[PDB]
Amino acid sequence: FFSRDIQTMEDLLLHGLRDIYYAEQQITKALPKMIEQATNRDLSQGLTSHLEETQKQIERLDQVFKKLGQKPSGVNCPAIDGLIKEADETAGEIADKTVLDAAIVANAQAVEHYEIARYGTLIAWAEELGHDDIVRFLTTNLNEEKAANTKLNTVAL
């Protein structure tokens, strides 16, 4: 019961974990739409594989919350909502299927970059706070985002 309820670095870490939890849920909802829009088979397949990984990433975040002593929960993330809105609106503006695949690759890379920033931040805070225990899960998620980004950077349309 405070208006400014983020009082400590531990509170900030918990808030960030709830923010990324919500973001992973939203990505699981957004990805099928992107996969349906994708023409290039490698792009469609790559996104489908990352959708499966994102489902696993949520399970790893459930493990993080369990290690911290609580049930999982999310908080709204305006950054992922804005990224998803931008991707959806831009897709509607594109007439050519190959141009659309280029936009899908770029928007997917922007999402991976947001995830890389967030996991990197959460890991650094966790380590500063003596929470090495949760870093193993966060690092597994982070490295899947890095891998997805790298693979997107190489997609040949």
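A residue's number is simply how far along the shown sequence it sits, counting from 1.
J.: State which stretch shows the higher mean Cα B factor in the entry: 117-125 or 43-51.
T.: The entry gives the higher C-alpha B-factor average to 43-51.
J.: With respect to the recorded C-alpha B factors, which stretch has the higher mean value, 4-12 or 148-156?
T.: The stretch with the larger mean CA B-factor is 148-156.
J.: Looking at the C-alpha B-factor values in the deposited entry, which of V105, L61, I94, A38 comes out highest?
T.: In this record, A38 carries the highest C-alpha B-factor of the candidates.
J.: Checking the entry, which one of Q26, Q109, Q57, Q70 has the top C-alpha B factor?
T.: The C-alpha B-factor peaks, among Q26, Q109, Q57, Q70, at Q70.
J.: Going by what the PDB entry lists, where does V99 fall on CA B-factor within its chain: lowest, middle or highest third?
T.: Its C-alpha B-factor, which the entry lists for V99, ranks in the middle third among residues of this chain.
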